[PDB]
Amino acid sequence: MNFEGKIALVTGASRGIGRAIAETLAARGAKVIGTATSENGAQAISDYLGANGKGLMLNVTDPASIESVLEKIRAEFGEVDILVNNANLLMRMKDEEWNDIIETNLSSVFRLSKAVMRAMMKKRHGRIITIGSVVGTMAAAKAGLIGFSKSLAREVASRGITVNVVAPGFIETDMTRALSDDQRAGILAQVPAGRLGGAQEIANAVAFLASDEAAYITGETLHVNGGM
């Protein structure tokens, strides 16, 4: 219970890692706003957050949707103190697949971070944590994301804002449960720990970086992969 009084915005909180993060921050006293791409999803999020938060529909690409969501949050809870971003053959993918991945996984983090920084710097306290993609098989967006975070971290560090990245490994999610046994085994073979990580393990790391315990940790990429 070290987040009382803090407001956290967690994108993609429908399930898996996103939901574990939202429930963990909520269980530790934060008021949580989890987002989904549809209104039904948003309502599902509101149903599990109960009195500890609310779910809102958000399209991370649309700059209009971002402004809209932030306005609803300000009207009901206040300014966002914690932002948690939850997101083929490279010579055969179409320009669409390329732009979609850059837009969704890279540019959106830039637009959201930009939208919440003003309040954070004014209050001289803030946390921006981005969750990297979960290992699903045995790149430019992921690497660009880390480069952006290290750069932003340096820029806003003096104002009391930390910007970090949590890079999960082979974590137990729907996508990994939907893989075939041969596929799972191949990946698991690449994991020293010899087991898959739980969604809660990524959430524990996020909760740590979001707390006052890590005020001096910024521009860091924390890997939670059992040794991959």
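Sequential numbering from 1, following the sequence displayed.
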Open item on the list: In terms of residues present in the deposited sequence but not modelled, what lies between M138 and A139: none, 1 to 3, 4 to 9, or 10 or more?
Closed with: 4 to 9
TODO: Using the PDB record, quantify the missing residues of the deposited sequence between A153 and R154 as none, 1 to 3, 4 to 9, or 10 or more.
DONE: none
Task: Residue stretch of maximal mean CA temperature factor, 90-98 vs 126-134 - done: 90-98
Open item on the list: Please compare 145-153 with 71-79 and name the stretch with the higher mean C-alpha B-factor in the deposited structure.
Closed with: 71-79
Task: Residue with maximal Cα B-factor (values as given in the PDB entry) among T61, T162, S180, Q200 - done: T61
Task: Deposited CA B-factor, highest of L188, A44, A51, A26 - done: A51
Open item on the list: Looking at the temperature factor on the CA atom of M228, which third of the chain's modelled residues does it land in?
Closed with: middle
Task: Position of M1 among the chain's modelled residues by C-alpha B-factor, lowest, middle or highest third - done: highest
Task: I66 CA temperature factor, ranked by third within the chain - done: highest
Open item on the list: Quick check on the deposited entry: does the C-alpha B-factor of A30 sit in the lowest, middle or highest third of its chain?
Closed with: middle
- [ ] Using the B-factors in the PDB entry, rank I171's C-alpha atom against the chain and give the third, lowest, middle or highest.
- [x] middle
